[PDB]
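Chemist:
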Amino acid sequence: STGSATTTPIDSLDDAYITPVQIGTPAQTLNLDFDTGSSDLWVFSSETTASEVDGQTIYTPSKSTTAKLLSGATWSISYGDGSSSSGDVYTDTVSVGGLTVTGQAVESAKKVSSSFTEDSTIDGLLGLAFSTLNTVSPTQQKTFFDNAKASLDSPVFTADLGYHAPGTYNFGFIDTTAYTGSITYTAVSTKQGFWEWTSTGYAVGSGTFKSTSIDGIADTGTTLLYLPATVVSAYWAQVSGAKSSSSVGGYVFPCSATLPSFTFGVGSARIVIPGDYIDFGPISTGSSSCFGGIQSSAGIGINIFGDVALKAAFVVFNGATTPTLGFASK
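The deposited numbering puts the first residue of the sequence shown at 1, with every later residue one more than the last.
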């Protein structure tokens, strides 16, 4: 089997991407944030504290003939941006772009943090990291991909995120029309439960490539590119007026600037992030100070190849017995 679904930026900055998911019988379609940095599929629901719902579409298990309460199971998650959610668990039928899983754990939110309430466009998350990170207790549950894997034509999914435009998540096949040149594959460590890999270095604009190992995660659920302070300093030093602002919480730059590209290495191959992808617009409405798309990972504890990086590539998440990651230009 295979699946193919379009993923759509939530706003004009590509702050996140939503993908429609069918849950239950008859189908209830929710728009979920596909997140290769976590492993819980959770949804706003009929059980969510009413004051914490503000415009989201909810899953109502009582209206689904295939929903079953997973007795005794609870979940609770905290994300790197300080947001959180928790609740109980159902199993139900979940379909993505024509690919169907029966008995998928659907984690129903009783509580969500303010960040989630305030984002009316995101109805929940669909985790695509390794199932070892799943928070369901006392019986850990599998991700959608993990459940689908054996049925897929090939044990892979691909992320093809757009810049200011829709893109695609495919399950079970590689669309050879969706990228240019070749896919370069690179090793993955699953030891922390993430799609963790090592970039071979970087370049800033038309500058020379610096060969250096940068361990990080391929994370579709994080907006920006978070790299070591040395790398990030080297980038922003090429933008007149750019500075790190403690009050804003990162590097800012004059909105009048033309940003240089940033290149990262995948083995001997190179992915180029155009300068425009690194512009996240005014820090506040009407400001001429703009927020940068490349930020320091110092004090995150891990480097994160988020959407800014991933949207410059066609990315293969290979879930073979020994997982790997593939990157192609597009």
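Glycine included, each C-beta is placed from N, C-alpha and C at the ideal position.
One question on the structure: do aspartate 123 and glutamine 56 come within less than 8 angstroms of each other, judged by their Cβ atoms?
Modeler: Contact flag set, yes.
Chemist: Does the segment 103-123 come within contact of the segment 73-93, defined as at least 3 CB pairs closer than 8 angstroms?
Modeler: Yes, since at least three Cβ pairs between the segment 103-123 and the segment 73-93 fall closer than 8 angstroms, the two stretches touch.
Chemist: When we look at the beta-carbon of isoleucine 294 and count the other beta-carbons within 10 Å, is it buried (16 or more) or exposed?
Modeler: Answer is buried; the Cβ neighbour count reaches 16.
Chemist: Just reading off the beta strand (DSSP E) that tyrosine 17 is part of, what are its end residues?
Modeler: That run of the beta strand (DSSP E) goes 17-23.
Chemist: Report buried or exposed for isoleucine 77, applying the criterion of at least 16 other Cβ atoms within 10 angstroms of its Cβ.
Modeler: By the neighbour-count rule (16 or more Cβ atoms within 10 Å), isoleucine 77 is buried.
Chemist: Going by C-alpha to C-alpha distance, which of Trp42, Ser51, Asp35 sits closest to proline 61?
Modeler: The residue with the shortest Cα to Cα distance from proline 61 is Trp42.
Chemist: If you reduce the DSSP assignment to three classes, tell me which class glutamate 196 lands in.
Modeler: Reduced to three states, the DSSP call for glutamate 196 is strand.
Chemist: In the structure shown, what three-state DSSP assignment does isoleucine 294 receive?
Modeler: Reduced to three states, the DSSP call for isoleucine 294 is strand.
Chemist: Does the distance from the CB of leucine 128 to the CB of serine 1 come in under 8 angstroms?
Modeler: No, the Cβ-Cβ distance between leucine 128 and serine 1 is not below 8 angstroms.
Chemist: Please classify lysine 142 as buried or exposed, where buried requires at least 16 other C-beta atoms within 10 Å of its C-beta.
Modeler: Under this definition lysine 142 is a buried residue.
Chemist: Excluding sequence positions up to five away, which residues of its chain have a Cβ less than 6 angstroms from the Cβ of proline 155?
Modeler: Answer for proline 155: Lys149, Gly319, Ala320, listed in chain order.
Chemist: With a threshold of 8 angstroms between beta carbons, is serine 115 in contact with chain C?
Modeler: Judged by its chain identifiers, the structure shown contains no chain C, having just a single protein chain.
Chemist: So the beta strand (DSSP E) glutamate 118 belongs to, where does it begin and stop?
Modeler: That residue, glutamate 118, is in no beta strand (DSSP E); its alpha helix (DSSP H) goes 114-118.
Chemist: For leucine 126, which beta-bridge partners are listed by DSSP?
Modeler: DSSP output for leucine 126 lists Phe34, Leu41 as bridge partner(s).
Chemist: Just list the residues that DSSP pairs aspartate 88 with in beta bridges.
Modeler: Answer is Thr74, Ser108.
Chemist: Nearest-angstrom Cα distance between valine 252 and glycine 207?
Modeler: Rounded to the nearest angstrom, the two C-alpha atoms are 21 angstroms apart.
Chemist: Could you please give the first and the last residue of the uninterrupted beta strand (DSSP E) stretch that includes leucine 225?
Modeler: Its beta strand (DSSP E) spans residues 225-227.
Chemist: So, for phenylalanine 194: in the same chain, excluding its five sequence neighbours on each side, which residues have a beta-carbon less than 6 angstroms away from its beta-carbon?
Modeler: If we look at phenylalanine 194 and ignore the five residues flanking it on each side, its Cβ neighbours are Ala129, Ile217.
Chemist: Report the three-state DSSP secondary structure of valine 188 (helix, strand or coil).
Modeler: Three-state DSSP puts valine 188 in coil, outside helix and strand.
Chemist: If you measure between the beta carbons of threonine 7 and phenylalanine 34, is that distance less than 8 angstroms?
Modeler: It is a contact, given that the beta carbons lie within the stated cut-off.
Chemist: Of the choices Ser95, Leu133, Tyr163, whose alpha-carbon is the least far from that of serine 12?
Modeler: Closest by alpha carbon: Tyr163.
Chemist: Can you give the Cα-Cα distance for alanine 165 and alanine 5, rounded to whole angstroms?
Modeler: Answer to the nearest angstrom: the Cα atoms are 14 angstroms apart.
Chemist: For the alpha helix (DSSP H) containing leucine 310, list its first residue and its last residue.
Modeler: Start and end: 307-310.
Chemist: Taking all protein chains shown into account, decide if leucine 69 is buried (16 or more other Cβ within 10 angstroms of its Cβ) or exposed.
Modeler: With fewer than 16 other Cβ atoms within 10 Å, it is exposed.
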